[PDB]
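Shown below, as structure tokens, is a lone chain in the form deposited in one PDB entry; questions about how it binds or moves come after it.
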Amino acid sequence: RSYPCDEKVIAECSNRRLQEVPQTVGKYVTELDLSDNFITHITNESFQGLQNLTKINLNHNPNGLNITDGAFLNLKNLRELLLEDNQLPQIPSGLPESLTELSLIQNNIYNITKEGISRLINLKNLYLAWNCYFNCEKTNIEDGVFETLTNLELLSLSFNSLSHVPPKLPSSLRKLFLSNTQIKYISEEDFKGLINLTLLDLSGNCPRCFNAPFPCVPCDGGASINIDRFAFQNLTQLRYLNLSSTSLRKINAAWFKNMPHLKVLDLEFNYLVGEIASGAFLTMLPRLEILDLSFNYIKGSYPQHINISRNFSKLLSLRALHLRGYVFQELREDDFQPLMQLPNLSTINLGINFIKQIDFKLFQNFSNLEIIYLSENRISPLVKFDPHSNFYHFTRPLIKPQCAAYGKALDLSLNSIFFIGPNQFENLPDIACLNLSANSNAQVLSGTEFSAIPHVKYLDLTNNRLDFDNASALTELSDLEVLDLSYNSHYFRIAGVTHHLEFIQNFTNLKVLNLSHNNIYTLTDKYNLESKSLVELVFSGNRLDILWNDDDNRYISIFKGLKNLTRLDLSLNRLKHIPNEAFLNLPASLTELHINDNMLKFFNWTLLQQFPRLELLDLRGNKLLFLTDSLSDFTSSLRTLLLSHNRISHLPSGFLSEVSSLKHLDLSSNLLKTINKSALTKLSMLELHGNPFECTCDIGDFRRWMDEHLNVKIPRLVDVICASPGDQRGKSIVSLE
């Protein structure tokens, strides 16, 4: 059995509290990840007899790291070497020339000398970020240090006190990163011989200090980055340009004269309100797809409308427009006239703009609109950290891909819609995906509210105060497949009416329903509970304990009518015990059942006979004390059984040698002391970490079983620690002799 690393050939050996490099690693290993360990020393004997290695990860070691000269030199096949967050005072000496990837981020490297990297001619990707950052005083770049690296495609020098663009850069460069490098002025000679440059990042130089995870210092006298007219004169191949947080007031149109392939342009966190109103540079970008002009607002300025230049109609290739934090009161049809002529424009981002009123008729004017993002605005009822991240642009999808896949998406979440008005969805396009999350919506749903958009397939109504007790609630949305009513708190509770879940029956296509954290302790559905389409139900964070503890036993067949249900989540329901009759009434069509994070003192395993389709049973975070011995007689379909964070002290005799269908069995964080031969198949995984094991002679039977059943993978063996005796405490069960 592979110890302490997990073989897959890639060997995962990260976060295992290793004080030194393990010599128990196989010679056949090509990739070794030793990150997040307490390793302090690296020598030539650390990777002895490992010529087959290509990738070595030694990040965040310890919790600095001492590396001898030519410690990696013996490895002729080493191509990737990650040495991030190691507190290295300089570049490691005698590095192998075979390297193509090198990452030296978050170290104390203040000098980029020829003695360290000039020998490495095979380097393709080089990362030297967060080295001389707020310590430093200036990063010493040796004259023509990168000139010898003629095969360098990517060079990241971001987050370093540079002041000036490094001279004598290789012509092979395709991606250049110089973010937060204190470079105030850019000249024509800075990017002269870079004919193959596709990416240029100059963000955070003379910045507009906002919500940043890193220290921000703006330039003296509110100064902007000074870029010469002829600075980007020979960057014909540039596709990506990042000029975020550069305190720009004006954009010279001449910068894009010899730039006809520009695909992405980042201009967020600048002072360009005037440039948005009249932009000459907009006629210079016919191949631009993504444009970000976010958080460009004037401090204390709340205008009536957004001033969009007519030159926005010249952006023929535009697919995405990000106009967050412009801050304006009203959006009219006339204001967005230049964008209406754009054929590829599918995404509009108007989040965090505090817009009070929008003339929603303007969105059906667009040719190919797919995403309308209006989150964190003020629309009211209408009546009659990691360094390898994009810090200034949001990479996360604006709408959940599950929602957006159905069709036209509209996000009206975190607004002032405290009730759905009769003209709320007036003159709106054919929306298939709608988000009305955290609007504090206290609407009594009757089946008249969503009449204007009756083709919604995915509806997010989370964190509201909605009333869906009426049988005709949401019935106007016949094509509805997904309904998310998570964290909904009833504001007009009626005894003998709340909760009335009769509305779900009327839907012919509703497959996914989530009424989690709704605080359902009362049901009034006289007849239970039919839905021939529903496959997934999330009933987590409710009060099933109250419902099933009922003296009259009224809610005994609460989910019996859902004869198509495959997944059921009953977690966080404060369940101490499930009545035998109530469990038998659960749909026999279930494949996945979650009863985790409850207070279950006991569980009737015999009742599993009425569930012949059950493959997954989640019983984690409960108060279960014992297990069954005759599990084979109750189940023959169960594949995954999660019993972690329980009070199981003994494994019954003939448990593993009963269930033939079982593959994954989690018994971690329990009260197991020993595993016997009698208790000891198609099992592929067995979790046992965080158990108080007695490392004596009684554990010997289970150790022999581990060597006899090598295929049964036991994860994180280092966390399978002995509780007693004192001399064996701390050590792993596999480390015994």
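Under this definition, the rigid core comprises the largest set of C-alpha atoms superposing within 1.5 Å between the forms. When you see a residue number, it is the position in the sequence shown, counting from 1.
Undergrad: When the other structures of this protein are compared, and only where the residues around it are present, is residue 383 absent from a third or more of them?
TA: That residue is missing from at least a third of the other compared entries.
Undergrad: How many missing residues of the deposited sequence lie between residue 384 and residue 385 in the entry, grouped as none, 1 to 3, 4 to 9, or 10 or more?
TA: Gap size class: 10 or more residues without coordinates, per the record.
Undergrad: Between residue 63 and residue 64, count the deposited residues left without coordinates and pick a bin: none, 1 to 3, 4 to 9, 10 or more.
TA: Count of unmodelled residues in between: 10 or more.
Undergrad: So, looking at the entry's B-factor column for Cα atoms, which has the higher mean, 26-34 or 665-673?
TA: Stretch with the higher mean C-alpha B-factor: 26-34.
Undergrad: Which is higher on average in the deposited entry, the C-alpha temperature factors of 374-382 or of 312-320?
TA: The stretch with the larger mean CA B-factor is 312-320.
Undergrad: Looking at 620, 650, 465, 601, which has the highest Cα B-factor in the entry?
TA: Top of the list by C-alpha B-factor: 650.
Undergrad: Between 122, 245, 514, 242, let me know which has the highest C-alpha B-factor in the entry?
TA: Among 122, 245, 514, 242, the PDB entry lists the largest C-alpha B-factor for 122.
Undergrad: Where does residue 633 sit by CA temperature factor within its chain: lowest, middle or highest third?
TA: Its C-alpha B-factor belongs to the highest third of this chain's values.
Undergrad: Select lowest, middle or highest to describe the third in which the CA B-factor of residue 76 falls within its chain in this entry.
TA: As the PDB entry reports it, the C-alpha B-factor of residue 76 lands in the highest third of its chain.
Undergrad: Test of reading the entry: by CA B factor among the chain's modelled residues, which third contains residue 491?
TA: Its C-alpha B-factor belongs to the lowest third of this chain's values.
Undergrad: Divide the modelled residues of the chain into thirds by Cα B-factor and specify which third, lowest, middle or highest, holds residue 191.
TA: It falls in the top third of the chain.
Undergrad: Sorting the chain's CA B-factors, does residue 222 end up in the lowest, middle or highest third?
TA: Residue 222: CA B-factor falls in the middle third of its chain.
Unshown form deposited in another entry; subsequent notes refer to it.
Undergrad: Tell which of 406, 240, 605, 491, after superposing on the rigid core, has its C-alpha displaced by 2 Å or more between this form and the one not shown, please.
TA: With the rigid core fitted, the residue that moves is 491.
Undergrad: Indicate whether residue 524 shows a C-alpha shift of 2 Å or more between this form and the one not shown, with the rigid core used for the fit.
TA: Yes, the C-alpha moves 2 Å or more.
Undergrad: Once both forms sit on the same rigid core, is the C-alpha displacement of residue 212 at or above 2 Å between this form and the one not shown?
TA: Yes, residue 212 moves 2 Å or more.
Undergrad: Between the shown chain and the other structure, the Cα gap of residue 462 to residue 526 differs by 3 Å or more. Is it closer or farther in the other form?
TA: The answer is closer, because the C-alphas of residue 462 and residue 526 approach each other in the other form by 3 Å or more.
Undergrad: Compared with this form, is the residue 84-residue 212 Cα separation smaller or larger in the other form, the difference being 3 Å or more?
TA: They are farther apart; the C-alpha distance rises by 3 Å or more in the other form.
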